[PDB]
A.B. asks: 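Could you have a look at this structure, given as structure tokens, before my questions?
We're numbering straight along the sequence, starting at 1. Just so it is clear, the values below take in all heavy atoms, side chains as well, and ignore hydrogens, waters and symmetry mates.
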Amino acid sequence: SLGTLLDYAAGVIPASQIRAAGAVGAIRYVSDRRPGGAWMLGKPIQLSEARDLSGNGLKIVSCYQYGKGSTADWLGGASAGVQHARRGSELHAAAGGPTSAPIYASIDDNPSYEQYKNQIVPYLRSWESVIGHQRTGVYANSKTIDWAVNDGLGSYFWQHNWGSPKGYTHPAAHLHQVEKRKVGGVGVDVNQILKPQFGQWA
Ligand code: NA
């Protein structure tokens with residue numbers, strides 16, 4: 001297998017515990033904590049953590065998510081896409097992330113086709129206007145990935161299963177969230193690597 005990556009926001013996991021869990025790297029946040037989100041110790045990834053991961057031969061992938069539910073980043077369409085892309089680009093660079101690496105903008109939702117057309121499309125076009133089509137990643141279910149692919153929005157795709165049919169993997173996905181688990185007392189999700197160039201920093 002190509003391997004697995006762990007994604008997490010609640011803390012910083014030492015490189016030796018990621019290795020012990022069998023993962024080859026981590027998907028990490030290039031976003032701020034929303035007010036009251038004191039538990040989000042893993043937001044954003046910092047310079048010392050990134051050097052620790054790379055120093056221990058682990059892969060790093062950038063992902064962006066500030067809001068959630070009724071504060072989902074994409075609700076504000078184009079203006080939100082510009083503010084959030086600028087912030088993610090800033091934090092990716094601040095943690096020593098290279099411009100060759102993309103940033104997975106999060107659609108941590110199960111949107112309707114209407115919500116996709118009226119809000120996610122301008123949200124994602126704005127991510128492309130800021131960091132470019134070649135650096136725009138999309139974290140979303142199989143339907144959203146399908147709609148984005150048809151509109152030519154995003155170059156990297158990370159499938160989540162909220163709204164994805166059970167057992168279906170979109171052929172455009174680089175990464176697939178599969179799974180309820182803690183690594184060193186930090187809640188994590190496990191992600192299968194499906195394509196060899198999946199947005200790793202190096
Ligand atoms: Na707006």
Side-chain angles (χ1 to χ4, degrees), residues 5 7-10 26-46 60-82 84-95 97 99 101-113 115-164 170 172-177 187-189 191 199:
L5 307 163
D7 74 85
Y8 45 97
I27 305 161
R28 298 288 293 105
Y29 289 92
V30 289
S31 312
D32 303 291
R33 306 161 197 191
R34 55 185 169 266
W39 61 274
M40 299 177 206
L41 300 181
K43 282 196 189 173
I45 177 163
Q46 297 162 71
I60 304 158
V61 177
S62 296
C63 72
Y64 188 98
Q65 186 181 344
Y66 174 68
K68 179 168 183 170
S70 284
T71 63
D73 299 330
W74 56 265
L75 294 166
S79 71
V82 173
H84 292 303
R86 279 179 187 175
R87 188 51 176 166
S89 182
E90 277 174 6
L91 292 175
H92 172 86
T99 65
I103 301 163
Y104 285 87
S106 304
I107 315 302
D108 174 27
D109 281 289
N110 187 13
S112 71
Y113 188 55
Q115 290 177 297
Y116 168 76
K117 288 216 300 304
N118 298 327
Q119 289 160 290
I120 301 169
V121 169
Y123 181 71
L124 293 179
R125 286 210 176 102
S126 279
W127 267 84
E128 297 207 335
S129 68
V130 173
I131 65 167
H133 170 68
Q134 71 289 338
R135 293 191 69 201
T136 298
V138 176
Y139 166 72
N141 67 26
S142 60
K143 299 169 304 192
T144 305
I145 291 169
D146 206 49
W147 299 334
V149 168
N150 290 341
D151 282 326
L153 299 171
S155 293
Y156 294 88
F157 304 96
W158 171 22
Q159 190 185 310
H160 68 72
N161 289 327
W162 184 18
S164 298
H170 197 288
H174 294 80
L175 305 166
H176 189 190
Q177 199 162 58
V188 304
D189 281 297
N191 302 278

A.B. asks: Tell me the closest heavy-atom pair linking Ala78 and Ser126, and the distance in Å.
C.D. replies: O-OG, 2.8 Å

A.B. asks: Is it true that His160 and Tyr139 have ring centroids separated by less than 6.0 Å?
C.D. replies: yes

A.B. asks: Please report the interatomic distance CG(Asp109) to CD(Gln115), rounded to the nearest 0.5 Å.
C.D. replies: 7.5 Å

A.B. asks: Donor-acceptor pair, distance only, cut-off 3.5 Å: does the side chain of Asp73 make one with the backbone of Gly67?
C.D. replies: yes

A.B. asks: Roughly how far, to the nearest 0.5 Å, is NZ of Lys68 from CZ of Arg34?
C.D. replies: 6.5 Å

A.B. asks: Go through the steps for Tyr29 and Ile45 under the test side-chain contact (heavy atoms from CB on, under 4.5 Å), then give the verdict.
C.D. replies: CA-CA 6 Å; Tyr29 289 92; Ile45 177 163; over 6 Å; no

A.B. asks: Taking all atoms of both residues into account, what is the closest heavy-atom pair of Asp108 and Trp162, and its distance?
C.D. replies: O-CZ3, 3.5 Å

A.B. asks: Any idea which heavy atoms bring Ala95 and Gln46 closest together, and the distance?
C.D. replies: CB-C, 4.0 Å

A.B. asks: After noting the C-alpha distance and the side-chain angles of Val138 and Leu124, does the key distance pass the side-chain contact (heavy atoms from CB on, under 4.5 Å) rule?
C.D. replies: CA-CA 8 Å; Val138 176; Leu124 293 179; 3.9 Å; yes

A.B. asks: For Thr136 and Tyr156: C-alpha separation, side-chain torsions, deciding distance, then whether side-chain contact (heavy atoms from CB on, under 4.5 Å) applies.
C.D. replies: CA-CA 7 Å; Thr136 298; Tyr156 294 88; over 6 Å; no

A.B. asks: From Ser31 OG over to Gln65 CD, what is the distance, rounded to the nearest 0.5 angstrom?
C.D. replies: 7.5 Å

A.B. asks: Indicate yes or no: at least one non-hydrogen side-chain atom of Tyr66 is less than 4.5 angstrom from one of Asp32.
C.D. replies: yes

A.B. asks: Report yes if the side chains of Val30 and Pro44 come closer than 4.5 Å at any heavy-atom pair, otherwise no.
C.D. replies: no

A.B. asks: Is a salt bridge present between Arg87 and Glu90, judged by a nitrogen-to-oxygen distance below 4.0 Å?
C.D. replies: yes

A.B. asks: Are the side chains of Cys63 and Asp7 in touch, meaning some heavy atoms are under 4.5 Å apart?
C.D. replies: no

A.B. asks: Hey, mind stepping through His170 and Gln159 against side chain to side chain donor-acceptor pair (under 3.5 Å) and telling me if it holds?
C.D. replies: CA-CA 7 Å; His170 197 288; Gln159 190 185 310; over 6 Å; no

A.B. asks: Please answer whether the main-chain N or O of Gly77 pairs with a side-chain N or O of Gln119 as donor and acceptor at a distance below 3.5 Å.
C.D. replies: no

A.B. asks: Only one of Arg135, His133, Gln134 forms a side chain to side chain contact (heavy atoms under 4.5 Å, CB included) with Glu128, so which one is it?
C.D. replies: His133

A.B. asks: Might you point out which heavy atoms bring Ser89 and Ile131 nearest each other, and give the distance in Å?
C.D. replies: CB-CG2, 3.7 Å

A.B. asks: If you round to the nearest 0.5 Å, how far is NZ of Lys143 from OG of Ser112?
C.D. replies: 9.0 Å

A.B. asks: Would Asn161 and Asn141 count as a side chain to side chain donor-acceptor pair (under 3.5 Å) if you check the C-alpha gap in whole Å, the side-chain angles of each, and the deciding distance to 0.1 Å?
C.D. replies: CA-CA 6 Å; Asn161 289 327; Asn141 67 26; over 6 Å; no

A.B. asks: Nearest 0.5 Å, what's the OH-OG distance between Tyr123 and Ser106?
C.D. replies: 7.5 Å

A.B. asks: Quick one: pull up CD in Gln177 and CD1 in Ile27 and give me the separation to the nearest 0.5 Å.
C.D. replies: 7.5 Å

A.B. asks: Starting from the C-alpha separation in whole Å, work towards a yes-or-no answer on side-chain contact (heavy atoms from CB on, under 4.5 Å) for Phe157 and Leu175.
C.D. replies: CA-CA 7 Å; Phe157 304 96; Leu175 305 166; over 6 Å; no

A.B. asks: Taking all non-hydrogen atoms of both residues, which atom of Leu5 and which atom of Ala26 are closest, and how far apart?
C.D. replies: CD2-N, 3.9 Å

A.B. asks: Between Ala172 and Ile145, which heavy-atom pair has the shortest distance, and what is it?
C.D. replies: CB-CG2, 4.3 Å

A.B. asks: State which residue, out of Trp127, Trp74, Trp158, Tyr104, fulfils the ring pair (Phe, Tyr, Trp, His ring centres under 6.0 Å) condition with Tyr64.
C.D. replies: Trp127

